[PDB]
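Novice: Questions regarding the structure given below will be posed in turn.
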Amino acid sequence: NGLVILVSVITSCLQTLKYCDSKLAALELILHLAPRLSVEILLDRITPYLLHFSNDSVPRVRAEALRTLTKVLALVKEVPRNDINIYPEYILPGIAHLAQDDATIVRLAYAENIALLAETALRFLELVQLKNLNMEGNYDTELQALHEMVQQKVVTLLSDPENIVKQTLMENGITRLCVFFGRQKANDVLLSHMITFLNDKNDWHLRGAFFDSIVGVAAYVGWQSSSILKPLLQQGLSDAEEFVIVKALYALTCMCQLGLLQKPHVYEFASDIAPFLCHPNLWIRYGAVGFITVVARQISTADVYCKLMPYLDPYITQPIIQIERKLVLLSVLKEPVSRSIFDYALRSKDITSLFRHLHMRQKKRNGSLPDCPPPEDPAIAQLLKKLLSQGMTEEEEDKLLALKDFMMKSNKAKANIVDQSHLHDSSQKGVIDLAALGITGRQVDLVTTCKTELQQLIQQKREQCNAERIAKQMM
Amino acid sequence: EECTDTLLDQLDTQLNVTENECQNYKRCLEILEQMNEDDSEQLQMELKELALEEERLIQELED
Amino acid sequence: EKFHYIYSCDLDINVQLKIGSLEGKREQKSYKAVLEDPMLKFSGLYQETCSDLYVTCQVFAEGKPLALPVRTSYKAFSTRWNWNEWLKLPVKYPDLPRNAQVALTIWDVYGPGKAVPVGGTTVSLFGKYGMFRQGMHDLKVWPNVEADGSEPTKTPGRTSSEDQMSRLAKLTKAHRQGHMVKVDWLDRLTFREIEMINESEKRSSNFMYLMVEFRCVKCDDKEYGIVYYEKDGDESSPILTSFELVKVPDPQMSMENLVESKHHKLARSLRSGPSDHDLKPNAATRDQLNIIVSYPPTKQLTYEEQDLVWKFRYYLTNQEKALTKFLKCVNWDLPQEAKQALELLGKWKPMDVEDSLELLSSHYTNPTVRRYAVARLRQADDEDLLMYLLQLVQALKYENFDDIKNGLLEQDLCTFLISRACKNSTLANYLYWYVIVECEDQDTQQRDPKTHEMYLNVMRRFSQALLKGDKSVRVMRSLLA
Amino acid sequence: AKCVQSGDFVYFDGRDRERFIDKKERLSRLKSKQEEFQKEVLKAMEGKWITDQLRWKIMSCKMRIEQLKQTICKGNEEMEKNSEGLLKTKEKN
């Protein structure tokens, strides 16, 4: 039990630590002892010093102080008589500045942990309620104060100037934080914030992260989310970055498995996704197989043949039923559009008239028109010549025409990003400069642990300089 | 007043859609009745011949 | 001739890494495994010579990920896995510790919904002596495993060596950079030898490599190496080499007791502001509070009592004497409590002049509680303030001397004494002698000259306040002279 | 709220004369036929479903014969190469 005596020699140092290494060491020490220390020692003694480090001058330490505080507080299985208020009155207001910290790593470390602080505080209030009942606070107005206090922070992180913080909140716990918003406000303020991430037309990782996490929030909001979210999923399938499409297809897969897509929209999405079964990108191709097999498993086998097969038969080799098994459908997919043919079509300046010409050739191919003239604008004939001379088979023309809507929308969106490429024209190059930020350079003539390492580096550079200088002169 | 007119249209469209789906099932039945002509015996026997071949190739694999 | 560098803590910009190409044959599994699990047939390994791989780039440290894994945007491949994408990593150079690592996993498709790793490579962002990776690097990709960022890394992308090509490639790059002495006749032979060695390694082994590149930060045509460094790592500890009075140094000597500070905020919660108008102490706490209010003016309350005097501060408001205790519970450093104390002070049934003398004593220095004392000391006869005047002239020692020297809740204590003196000549008589004793006190003139000069300015003020009085008052100035 | 309970409401524009209750009844009847058509389709499905299982079995087996034939080719070419290597190594030895 002597740990209480040891913790006193540790804690007596935590206010005078100068170096970052010792401050970080002190946080490991606390975390290593914390499971052994009694609840009273964690909240009364240890906690005041964890909050102290959250104000430290080193951002790594502020980050690790919150990261330790969350893990330490998660250990408190009981509530001291005098600490029932620690979360509303001491912990949360004491770290609330981190959620708006200057250093990204701190806000980032806040986003990674707020999903757990909130849940710990809620479970703490739960224990307080059980304590009051077993002993015999206005739970309703305390819980709502915790919610209003959590919601204010979530909305702050979703409004962070650096997308990585939003993206980090998405992956770490937005599905659980929804409880702090409740069924209604999760839609009004939380979901409406996430829907805004798809307006970022230059950070595809944020649009990706939207589709990764949106399934959780949509499942929570329930039926209300379908009509609001439906058009955003169709945009995702038409995105400018194909990995966002893969993530959009994955979202629709998971949403169909949860029964969140209303029955008419399920078939509607299958009509839009079936063309992807011949897309050259295997990630999209098997993404479509994912979604469309999930559909075949959610719907009745009567609808599989009567409603799903008509959308799928143009890309299937044989109209096999029991496509509900992913192995079956992969085995019967037609060969995809070769990536070369796909790029020449998609990348063309005016893809509209290209498809119009190809669509007219389809009519001539299927007997629905008598004969077809050559294209009118030579740029279309030049493209037609390129495509056909590159081995474009007639089946690839039919498949390209099925991908018509995707390629058209996607090409239009890719262009719209190029219309923003002027804003980042400087970063695309291989070089970045200090001149913009005015950072003071440091130099040494070649003719603490950090300070010693730098001396060793300088010594190595003087030696490696003389080595090349001498050898060159000697030759 | 406006809600009444709107709800009447929502039912009229629901009716027309549900009716169309019923016509779709009918059309599918008109196709399934023709697919019933497919023989099961010849197909199943082809599986037996292929299963015999696999038994040969799997033994040769062990060898 | 010069080495240019910057500290990793000064460069507050996002780290950026180019995912280059992936070189090397990819081991195809024998069809025996394809028979074990048929979904292998649809993996990217079997469908196309180059699959549309992607590279994840998590920055690890101490075996923990520093941030979310950035990833290469989709690029189609036909005959060469080549990305030319600068991943803007999610961490900045000051966020990186000395053991920061990039964990570059290469991924491929494995049927629907499931990626599988082609291989992984982990390279520390800081070299042998803390300099950040300066340029192009070829990292050995450990096959079929996800890149591990634990320390030590089980899938290191680099070696300290221990094989021919890892040494010969470093020398080849050094030779290309011009670091190595050029000799055309040797080079034309040694590189054929290295070609034979590499082509042998490419056959006898199936290792693959991932090219990566780090941005060479530039300024005014100089390229700065980034050196791992820490703000405050620049100062050596000022440990004193000898001691003879303080044998047992204590690092928490004059630091704030954070545990006590934590107990303040919880026990004396202001959020009860709306509840405390309704909720009031019950039978068992009434007796207890009455006992506390009865305490002598010198009995410093224990934290249990100070707690109870705050929890029901809105109840005690109805008692004149209880205000003497409340003003001792309030911490006068904390602007939070002070802003509520000065509020409830203005709501409290006011204390009597007996109690008002307490607020003037040394312990109280917040101007609004000193001025409030005067705001009740005013409500007493000049007959009484004539007797207390001997003490009150000493309470000026506890008064803000800056308001005196420039005074040449309406009134501070000195202004109130001078005011009430002009209003009644009996006070003005004694007020002259009391203050002039201090001005003649040659001990104060040497032991605490600041207090001595305060009385001198009190006398200059009184000298002037009489001259600014009525004709009948001005005569008192000449009478005292 | 009194309108929906009466069932007497119709378009104010006079676009139609059949009451909402008449249309709701017709929808229930259409849904009834939807059940009938699905139950009629499913009895046809129970036939095709069996033959398509067989078709998938044949196609799976053919995909496995293609695999095994290649596996034997691979195994033979590896063995042939190893035999030629062994012979050369014995000669060298």
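Shown for chain A, in order and in Swiss-Prot numbering: 373-508, 524-834, 938-965.
The deposited model was determined using electron microscopy, 3.2 Å.
Using N, Cα and C of the backbone, Cβ positions are placed for all residues, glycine too.
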Novice: Going by Swiss-Prot alone, which of A:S429, A:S808, A:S814 is annotated as phosphoserine?
Specialist: A:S808
Novice: In Swiss-Prot, which of these is labelled phosphoserine: A:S755, A:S813?
Specialist: A:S813
Novice: For A:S813 (phosphoserine), name the DSSP secondary structure in the helix/strand/coil scheme.
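Specialist: Its secondary structure by DSSP: coil.
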Novice: When you scan the chain for residues with a C-beta under 8 Å from the repeat 'HEAT 2' (A:458-495), skipping those not six or more beyond its ends, what do you find?
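Specialist: Contacts with the repeat 'HEAT 2' (A:458-495): 415, 419, 423, 426-427, 431-432, 434-436, 438-439, 441-442, 445-446, 448, 529-530, 532-533, 536-537, 540-541, 543-544, 547, 549, 551-553, 555-556, 559-561, 563-564, 566-567.
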Novice: So if I draw a 10 Å sphere around the Cβ of A:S808 (phosphoserine), how many other Cβ atoms end up inside it?
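Specialist: The answer is 10.
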Novice: Who sits close to A:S813 (phosphoserine): which same-chain residues at least 6 apart have their Cβ under 8 Å from its Cβ?
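Specialist: Non-local contacts for A:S813 (phosphoserine): none found.
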Novice: What are the helix, strand and coil residue counts for the repeat 'HEAT 3' (A:572-610) according to DSSP?
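Specialist: Its residues divide into 31 helix, 0 strand, 8 coil.
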Novice: Using DSSP, break the repeat 'HEAT 1' (A:413-450) down into helix, strand and coil residues and give each count.
Specialist: 28 helix, 0 strand, 10 coil
